[PDB]
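One chain comes next, on its own, written as structure tokens: the form deposited in one PDB entry.
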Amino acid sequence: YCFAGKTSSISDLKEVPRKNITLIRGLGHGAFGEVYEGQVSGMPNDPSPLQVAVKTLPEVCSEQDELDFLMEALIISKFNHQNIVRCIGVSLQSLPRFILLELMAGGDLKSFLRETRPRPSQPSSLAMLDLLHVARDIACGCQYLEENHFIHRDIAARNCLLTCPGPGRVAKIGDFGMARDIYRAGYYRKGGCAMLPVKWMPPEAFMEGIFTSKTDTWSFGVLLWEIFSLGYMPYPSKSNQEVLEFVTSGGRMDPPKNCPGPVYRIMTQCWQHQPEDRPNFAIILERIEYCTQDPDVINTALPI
């Protein structure tokens, strides 16, 4: 695997001894495998073990799944940016295989937005600035990927994570499974039409299979909508095909409920039909920052 002018393999991954790893609790699962909270320590008893998330590989898997799992580790390990989850190391010499990741106690961004929606029992659980900070965090991650010529291909709330639920939380890109599949096979290899994230994809991506850094720009727009709608599914009344037809004919989503105009404007700029008309992430960040500077934007009430 090559990134930012460097090539690496399985051996550059820090293999941590299996006996040093303890599983604490289940956190979740994606399509394939599980994620657990864990602790690492080479010392009994260790007053302060390193807390981690542990992503597992099902033992019942193909040799292609194993290589997929390997590639996920390498990809994460090669990033170096505060808005991308860290890889602490791996435990590949024991079964089931582990990838050790930065623990993100806030969980995934979609789930967080749904669960932390303001509603009588939690009237001010979240404010406009919280949403702008999450957006800026992910935009920073995306800019880092852009400058390093890495196309994520699935910039969505389900793929982002939070360091904690409360104030001070930092949003980070966590799931690189899509890019991994393309890097290994050249196409979505275990997927198919029904599994494609078409609701996050620009016209040239789903029509021509053309992906650039302007692909991620489009997707980031949809993520902005997700953030400012407080976790609704994009194009909520529409199926994937209806979205395909809607988007290709120039259709775009309305603003989320209570969304400030400057924020909505950023979404529509990200959704320009021609990729060359879409902003790069440095511009997106600049425009997000400008939003945070506007008291009228940040003093806007979220809907209850």
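Take the two forms, find the largest set of C-alpha atoms that superpose within 1.5 Å, and that set is the rigid core. Only residues modelled in both forms are compared. Sequential numbering from 1, following the sequence displayed.
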Determine, among the other compared PDB entries that model residues flanking residue 142, whether at least a third leave it unmodelled.
no
Check whether residue 156 has no coordinates in at least a third of the other compared PDB entries of this protein, counting only entries that model residues on both sides of it.
no
Which is higher on average in the deposited entry, the C-alpha temperature factors of 69-77 or of 214-222?
69-77
When the C-alpha temperature factors are averaged for each of 80-88 and 176-184, which stretch ends up with the higher value in the entry?
176-184
Maximum C-alpha temperature factor per the entry, among 271, 264, 32, 246, belongs to which one?
32
Residue with highest C-alpha B-factor in the PDB entry, from 116, 229, 159, 163
116
Position of residue 108 among the chain's modelled residues by C-alpha B-factor, lowest, middle or highest third
lowest
Just say lowest, middle or highest third for the CA B-factor of residue 207 relative to the other modelled residues in its chain.
highest
How does residue 190 rank on Cα B-factor within its chain, lowest, middle or highest third?
highest
With respect to C-alpha B-factor, does residue 53 fall in the lowest, middle or highest third of the chain as deposited?
middle
Sorting the chain's CA B-factors, does residue 20 end up in the lowest, middle or highest third?
highest
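A second form of this protein, the form deposited in another entry, is not displayed here; the remarks below concern that form.
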With the two forms fitted on the rigid core, I'd like to know which residue in 251, 261, 58, 30 is displaced by 2 angstroms or more at its CA between the shown form and the other one.
30
Hey, does residue 163 budge by 2 Å or more at the Cα between the shown form and the other one once the core is superposed?
no
Core-aligned C-alpha movement of residue 123 between the shown form and the other one reaching 2 Å
yes
Consecutive-residue runs (3+) with Cα displacement of 2 Å or more between the shown form and the other one, core aligned
28-31, 120-124
